[PDB]
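Student: Could you have a look at this structure, given as structure tokens, before my questions?
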Amino acid sequence: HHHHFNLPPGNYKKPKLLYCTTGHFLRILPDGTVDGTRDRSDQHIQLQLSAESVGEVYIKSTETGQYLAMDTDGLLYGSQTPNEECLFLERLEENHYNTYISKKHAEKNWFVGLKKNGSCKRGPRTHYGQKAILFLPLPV
């Protein structure tokens with residue numbers, strides 16, 4: 001899809017915590033809100049990734065079943081059902097971190113990203129080079 005294909009190591013057999021280098025874990029709340037928390041004990045940060053195609057993943061809350069998705073204006077939200085806004089290109093970055101580019105808006109490099117204050121970044125505001133788009137997956 002007009003993007004590199006360096007993929008991060010690891011399988012999808014188990015759920016993961018996605019820690020953003022900006023200091024928060026990615027969280028999908030029951031009401032569909034998406035944000036970040038520093039609390040590892042939070043029950044809405046356990047995420048199950050799955051590959052629909054090599055390098056293309058869904059990111060789902062194991063607690064609520066919601067799928068991470070990015071809307072037409074770049075906002076992350078939790079979707080009850082899988083749609084084209086729920087697919088992300090999972091890639092390696094700096095030979096180490098995991099990044100996620102909205103497949104639907106891949107042409108504009110809209111990434112999944114969290115700000116240091118724990119709020120999500122809007123697609124257009126993200127870009128290569130930011131700490132906000134870098135994730136370090138951890139075991140649950």
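Going through the structure tokens in order, the chains are called A, B, and so on, while each chain numbers its residues from 1 and the ligands are numbered from 1 in the order shown.
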Find the spatial neighbours of stretch 95-108 of chain A, counting only C-alpha atoms, within a cut-off of 8 Å - ignore same-chain residues fewer than 5 positions away - and output them as an MDAnalysis selection string.

Tutor: chainID A and resid 1:2 8 56 70 84:90 124 133:137

Student: What parts of chain A does DSSP call helix (DSSP H, G or I)? I'd like the answer as a ChimeraX atom specification.

Tutor: /A:84-86,106-108,123-125,131-133

Student: Using only C-alpha atoms, find each residue of stretch 53-72 of chain A with at least one atom at most 9 Å away from an atom of stretch 26-46 of chain A; report its shortest atom-to-atom pair and that distance in Å (one decimal), sort the rows by chain and rising residue number, and return the result as CSV.

Tutor:
```
residue,atom,partner,partner_atom,distance
A:60,CA,A:46,CA,8.5
A:61,CA,A:46,CA,6.1
A:62,CA,A:46,CA,5.9
A:63,CA,A:44,CA,6.1
A:64,CA,A:30,CA,6.3
A:66,CA,A:28,CA,7.5
A:67,CA,A:28,CA,8.4
A:68,CA,A:28,CA,7.2
```

Student: From a backbone DSSP assignment, name each residue in chain A labelled strand (DSSP E), as JSON, numbers by chain.

Tutor: {"A": [16, 17, 18, 19, 20, 25, 26, 27, 28, 34, 35, 36, 37, 47, 48, 49, 50, 51, 52, 53, 56, 57, 58, 59, 60, 61, 67, 68, 69, 70, 76, 77, 78, 79, 88, 89, 90, 91, 92, 93, 97, 98, 99, 100, 101, 102, 135, 136, 137, 138, 139]}

Student: Could you write out the selected residues, including N, CA and C atoms, as a compact mmCIF listing (two decimals), in the first residue's frame?

Tutor:
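Result file is part29.txt:
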```txt
# COMPACT_ATOMS: atom_id res chain seq x y z
N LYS A 16 -2.01 -8.33 24.48
CA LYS A 16 -0.89 -7.48 24.84
C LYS A 16 -1.33 -6.15 25.40
N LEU A 17 -0.39 -5.47 26.01
CA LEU A 17 -0.60 -4.12 26.52
C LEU A 17 0.19 -3.29 25.52
N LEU A 18 -0.37 -2.19 25.03
CA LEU A 18 0.39 -1.38 24.07
C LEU A 18 0.83 -0.12 24.76
N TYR A 19 2.09 -0.09 25.17
CA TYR A 19 2.63 1.06 25.89
C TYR A 19 3.22 2.06 24.90
N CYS A 20 2.70 3.29 24.92
CA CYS A 20 3.19 4.35 24.04
C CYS A 20 4.42 4.93 24.72
N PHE A 25 -0.55 3.61 28.43
CA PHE A 25 -1.01 2.40 27.76
C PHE A 25 -2.27 2.76 26.97
N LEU A 26 -2.42 2.19 25.77
CA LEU A 26 -3.59 2.47 24.95
C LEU A 26 -4.83 1.85 25.61
N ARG A 27 -5.89 2.64 25.73
CA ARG A 27 -7.11 2.19 26.40
C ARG A 27 -8.39 2.44 25.61
N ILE A 28 -9.23 1.42 25.51
CA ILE A 28 -10.50 1.53 24.82
C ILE A 28 -11.57 1.39 25.91
N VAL A 34 -11.40 6.47 23.46
CA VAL A 34 -10.08 5.85 23.38
C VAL A 34 -9.13 6.87 23.96
N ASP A 35 -8.27 6.43 24.86
CA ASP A 35 -7.30 7.35 25.45
C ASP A 35 -6.14 6.55 26.00
N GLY A 36 -5.40 7.12 26.95
CA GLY A 36 -4.29 6.39 27.52
C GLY A 36 -4.29 6.48 29.04
N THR A 37 -3.75 5.46 29.69
CA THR A 37 -3.65 5.46 31.15
C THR A 37 -2.29 4.93 31.57
N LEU A 47 -5.40 -5.75 25.08
CA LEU A 47 -5.77 -5.78 23.66
C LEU A 47 -5.34 -7.04 22.91
N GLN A 48 -6.26 -7.60 22.13
CA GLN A 48 -5.96 -8.78 21.33
C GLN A 48 -5.78 -8.34 19.88
N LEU A 49 -4.59 -8.54 19.33
CA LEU A 49 -4.37 -8.18 17.94
C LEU A 49 -4.58 -9.44 17.10
N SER A 50 -4.98 -9.28 15.84
CA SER A 50 -5.16 -10.41 14.93
C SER A 50 -4.79 -9.92 13.55
N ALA A 51 -4.25 -10.80 12.71
CA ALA A 51 -3.86 -10.39 11.37
C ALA A 51 -4.90 -10.80 10.35
N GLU A 52 -5.50 -9.83 9.67
CA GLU A 52 -6.49 -10.14 8.64
C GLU A 52 -5.72 -10.50 7.36
N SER A 53 -4.57 -9.85 7.18
CA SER A 53 -3.68 -10.10 6.05
C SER A 53 -2.31 -9.86 6.65
N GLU A 56 -1.47 -6.50 8.41
CA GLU A 56 -2.71 -5.73 8.57
C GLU A 56 -3.45 -6.29 9.77
N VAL A 57 -3.66 -5.48 10.80
CA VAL A 57 -4.30 -6.00 12.00
C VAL A 57 -5.52 -5.28 12.49
N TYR A 58 -6.28 -6.01 13.31
CA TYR A 58 -7.40 -5.45 14.04
C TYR A 58 -6.79 -5.37 15.44
N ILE A 59 -7.27 -4.43 16.24
CA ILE A 59 -6.80 -4.26 17.61
C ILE A 59 -8.08 -4.23 18.42
N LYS A 60 -8.34 -5.30 19.17
CA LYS A 60 -9.58 -5.41 19.93
C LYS A 60 -9.43 -5.51 21.44
N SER A 61 -10.35 -4.85 22.14
CA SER A 61 -10.40 -4.86 23.59
C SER A 61 -10.87 -6.25 24.00
N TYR A 67 -13.49 -2.78 18.70
CA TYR A 67 -12.33 -2.70 17.82
C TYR A 67 -11.83 -1.27 17.78
N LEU A 68 -10.51 -1.11 17.82
CA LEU A 68 -9.93 0.22 17.72
C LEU A 68 -10.17 0.63 16.27
N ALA A 69 -10.55 1.88 16.05
CA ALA A 69 -10.79 2.36 14.69
C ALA A 69 -10.47 3.84 14.64
N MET A 70 -10.21 4.37 13.45
CA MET A 70 -9.94 5.78 13.33
C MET A 70 -10.94 6.33 12.33
N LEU A 76 -9.67 8.53 17.03
CA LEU A 76 -9.76 7.13 17.40
C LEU A 76 -11.05 6.93 18.17
N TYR A 77 -11.66 5.76 17.99
CA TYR A 77 -12.89 5.41 18.70
C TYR A 77 -13.00 3.90 18.76
N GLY A 78 -13.86 3.41 19.63
CA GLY A 78 -14.06 1.98 19.75
C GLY A 78 -15.28 1.60 18.94
N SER A 79 -15.12 0.68 18.00
CA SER A 79 -16.22 0.26 17.14
C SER A 79 -16.78 -1.08 17.59
N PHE A 88 -5.32 -1.65 10.59
CA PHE A 88 -4.11 -0.87 10.73
C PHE A 88 -2.92 -1.62 10.15
N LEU A 89 -1.98 -0.87 9.57
CA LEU A 89 -0.77 -1.48 9.01
C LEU A 89 0.22 -1.46 10.17
N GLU A 90 0.49 -2.65 10.71
CA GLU A 90 1.39 -2.80 11.85
C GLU A 90 2.81 -2.89 11.33
N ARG A 91 3.65 -1.92 11.69
CA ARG A 91 5.00 -1.91 11.19
C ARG A 91 6.04 -1.65 12.26
N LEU A 92 7.27 -2.04 11.95
CA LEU A 92 8.41 -1.81 12.82
C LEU A 92 8.87 -0.37 12.56
N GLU A 93 9.45 0.28 13.56
CA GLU A 93 9.99 1.63 13.39
C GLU A 93 11.29 1.74 14.18
N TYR A 97 10.46 -0.25 17.63
CA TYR A 97 9.09 0.01 18.07
C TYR A 97 8.01 -0.46 17.11
N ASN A 98 6.78 -0.54 17.62
CA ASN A 98 5.64 -0.93 16.80
C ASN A 98 4.86 0.36 16.48
N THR A 99 4.46 0.53 15.21
CA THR A 99 3.63 1.68 14.82
C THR A 99 2.39 1.12 14.09
N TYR A 100 1.33 1.92 14.03
CA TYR A 100 0.07 1.49 13.41
C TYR A 100 -0.48 2.59 12.55
N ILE A 101 -0.50 2.36 11.25
CA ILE A 101 -1.01 3.35 10.31
C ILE A 101 -2.41 2.94 9.89
N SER A 102 -3.34 3.88 9.94
CA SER A 102 -4.71 3.62 9.51
C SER A 102 -4.66 3.13 8.07
N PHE A 135 5.04 2.50 19.93
CA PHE A 135 4.49 1.60 20.95
C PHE A 135 5.41 0.43 21.24
N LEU A 136 5.41 0.03 22.50
CA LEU A 136 6.20 -1.08 22.99
C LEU A 136 5.18 -2.05 23.56
N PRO A 137 4.94 -3.16 22.86
CA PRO A 137 3.97 -4.15 23.33
C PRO A 137 4.52 -4.94 24.51
N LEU A 138 3.69 -5.12 25.53
CA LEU A 138 4.09 -5.87 26.72
C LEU A 138 3.08 -6.99 26.98
N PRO A 139 3.53 -8.07 27.63
CA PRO A 139 2.67 -9.21 27.96
C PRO A 139 1.61 -8.76 28.94
```

Student: As an exercise, work out the distance from atom CA of residue A:126 to atom CA of residue A:83 in Å and give it to one decimal place.

Tutor: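 Here the two named atoms are 22.0 Å from each other.
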
Student: For a quick check of understanding, using only C-alpha atoms, which of A:114, A:125, A:3, A:109 has the smallest distance to residue A:22?

Tutor: A:114

Student: Atom CA of residue A:21 and atom CA of residue A:112, how far apart in Å?

Tutor: 12.4 Å

Student: Pick out the residues sitting within 9 Å of residue A:115, and hand them over as a list in words; count only C-alpha atoms, and ignore anything fewer than 2 positions along from it in its own chain.

Tutor: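 Within the cut-off, the hits are residues 20, 22, 23, 24, 36, 113, 117, 118, 119, 120, 121, 131, 132 and 133 of chain A.
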
Student: For the atom pair atom CA of residue A:122 and atom CA of residue A:15, what is the interatomic distance in Å to one decimal place?

Tutor: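 About the pair atom CA of residue A:122 and atom CA of residue A:15: they are 25.1 Å apart.
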